[PDB]
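**Student:** Let me see the structure of the following:
(one chain, ligands or ions: 4)
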Amino acid sequence: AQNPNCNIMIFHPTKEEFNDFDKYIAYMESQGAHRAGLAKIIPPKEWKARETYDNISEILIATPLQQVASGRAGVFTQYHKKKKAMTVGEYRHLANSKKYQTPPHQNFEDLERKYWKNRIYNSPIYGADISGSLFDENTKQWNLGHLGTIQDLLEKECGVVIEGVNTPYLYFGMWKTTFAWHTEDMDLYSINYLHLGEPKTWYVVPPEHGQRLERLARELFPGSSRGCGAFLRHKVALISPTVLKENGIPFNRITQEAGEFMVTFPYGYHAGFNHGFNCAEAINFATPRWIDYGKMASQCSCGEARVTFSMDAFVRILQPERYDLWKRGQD
Ligand SMILES: O=C(O)CNC(=O)C(=O)O
Ligand SMILES: [Mg+2]
Ligand code: NI
Ligand SMILES: [Zn+2]
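**Tutor:** Numbers count the residues shown, from 1 in each chain. Ligands and ions are numbered 1, 2, ... in the order given. See the structure here:
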């Protein structure tokens with residue numbers, strides 16, 4: 001069995017290997033990359049996502065989210081308070097302000113210490129989940145707006161034609177902006193490209209050990225657990241590496257820098273934080289190996305998780321028994 005310790009693997013494809021996206025994912029899995037839940041892909045040196053980032057400041061963040069924490073430093077939830085719209089140029093200036101900017105630090109490990117010590121005492125503002133793309137249309141390789149769609153994969157594997165679309169999302173971050181512990185909708189893959197700015201630190205639990213994280217989360221968030229049998233789908237809970245180590249949960253960590261891709265694999269729980277002003281693009285995707293994960297994915301039916309139009313068909317076709325209850329949660 002390849003990668004039996006479930007370490008995060010880092011890949012350096014050549015420009016030739018960068019042509020066929022599906023083939024490269026399948027290659028990485030042949031080497032055991034999925035066992036970690038997360039992999040890093042460094043694009044070939046010849047590749048670029050677009051020519052420059054000089055003209056992005058007029059993109060609108062219609063609903064910036066202030067991430068307000070509750071709990072203790074290593075075990076907390078966050079809620080998202082909606083703020084007034086602002087442009088990317090306005091948000092960059094805010095991220096760089098004395099109130100929100102990255103503190104002085106020695107290295108990524110020092111910054112990680114400072115994040116876990118201090119995150120809860122601040123409420124950073126995240127421009128998340130903005131439909132759109134920063135890939136130039138002429139970028140033919142690993143262009144996250146030109147991937148094969150999940151609907152077409154389901155149709156190719158299973159023969160059923162379904163409605164829905166699959167488009168990318170932009171994330172504009174600042175110091176301390178936080179992504180809570182989650183797997184993807186329907187336990188899909190994700191791919192994330194850091195277009196510019198400061199790094200993003202990731203934490204990940206191997207898919208084979210995801211239920212260990214779930215059982216800890218039910219212990220640590222006991223009211224949330226009573227409210228919903230899949231409350232990590234709400235995407236609000238944080239647990240620090242120190243707490244994970246104290247409770248024996250297997251995980252790994254890695255820092256993504258500008259110009260690098262990360263892939264999350266089906267049922268790979270992940271969480272993380274931004275080091276400073278940055279912009280990432282991400283999208284979900286599927287492969288043949290996902291289908292079985294999709295059929296077994298948990299679902300929130302309490303009403304909190306509320307998701308896209310296109311998840312309807314995935315539930316309806318892969319999980320017909322759950323469909324009725326889940327749809328009640330969506331309505
Ligand atoms: O970058 C972020 O805030 C969150 N991204 C992801 O969870 C992802 O790409 O799967
Ligand atoms: Mg612009
Ligand atoms: Ni994710
Ligand atoms: Zn729920």
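**Student:** ok, and the closest non-adjacent residue to the residue in the stretch 1-150 of the chain that ligand 4 sits nearest to?
**Tutor:** Proximity of the stretch 1-150 of the chain to ligand 4 (Cβ to the ion) peaks at residue 77, 13.3 Å away. Heads up, the C-betas are built off the backbone N, CA and C, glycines and all. Of all residues not flanking residue 77 in the chain, residue 236 sits nearest, at 4.7 Å (Cβ to Cβ, 6 or more residues apart in numbering).
**Student:** Next: residue 7.
**Tutor:** residue 36 (5.7 Å).
**Student:** Looks like the one you found contacts residue 3 (just checking).
**Tutor:** Yes - assessed by Cβ atoms under 8 Å, residue 36 is found in contact with residue 3 at 6.8 Å.
**Student:** what sits against the residue of the stretch 1-150 of the chain closest to ligand 4?
**Tutor:** Counting by Cβ atoms under 8 Å, 6 or more residues apart in numbering, residue 77 touches 69-71, 180, 221, 224, 236-238.
**Student:** now these in TSV, with secondary structure?
**Tutor:** Below are the contacts of residue 77 laid out as TSV (DSSP: H, G, I helix; E, B strand; the rest coil):
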residue	secondary structure
69	strand
70	strand
71	strand
180	strand
221	coil
224	helix
236	coil
237	strand
238	strand
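**Student:** Out of those residues, which two sit at the greatest distance?
**Tutor:** Farthest-apart pair in the contacts of residue 77 is 69 and 224; separation 14.6 Å (Cβ to Cβ).
**Student:** quick one on the thing from earlier: any of the contacts of residue 77 buried? List them.
**Tutor:** Among these, those classed as buried by 16 or more other Cβ atoms under 10 Å are 69, 180, 221, 224, 236-238.
**Student:** Name the nearest of those relative to ligand 1.
**Tutor:** Comparing the buried ones among the contacts of residue 77 against ligand 1 with Cβ to the nearest ligand atom picks out residue 180 as the nearest, at 8.9 Å.
**Student:** count of neighbours near the spatially closest residue to the closest one that is not a sequence neighbour?
**Tutor:** Closest residue in space to residue 180, ignoring its immediate chain neighbours: residue 235 at 4.8 Å, by Cβ to Cβ, 6+ apart. Residue neighbour count, defined by other Cβ atoms under 10 Å, stands at 17 for residue 235.
**Student:** got a list of what residue 235 touches?
**Tutor:** Shown in contact with residue 235 (Cβ under 8 Å, 6+ apart): 179-182, 305.
**Student:** again, 10 Å this time
**Tutor:** Going by Cβ atoms under 10 Å, 6 or more residues apart in numbering, residue 235 touches 78, 80, 179-183, 271, 300, 304-305.
**Student:** ok, it to residue 15 distance?
**Tutor:** Computed as Cβ to Cβ, to the nearest Å, the residue 235 to residue 15 distance reads 36 Å.
**Student:** before we move on, what about residue 83?
**Tutor:** Taking Cβ to Cβ, one finds residue 83 at 42 Å from residue 15.
**Student:** hmm, back to that, the residue nearest to residue 77 and residue 128: what is the separation?
**Tutor:** 13 Å.
**Student:** so what's in contact with these two at the same time?
**Tutor:** 67, 80.
**Student:** which non-adjacent residue is nearest residue 179?
**Tutor:** According to Cβ to Cβ, 6+ apart, the nearest residue to residue 179 is residue 272 (5.2 Å).
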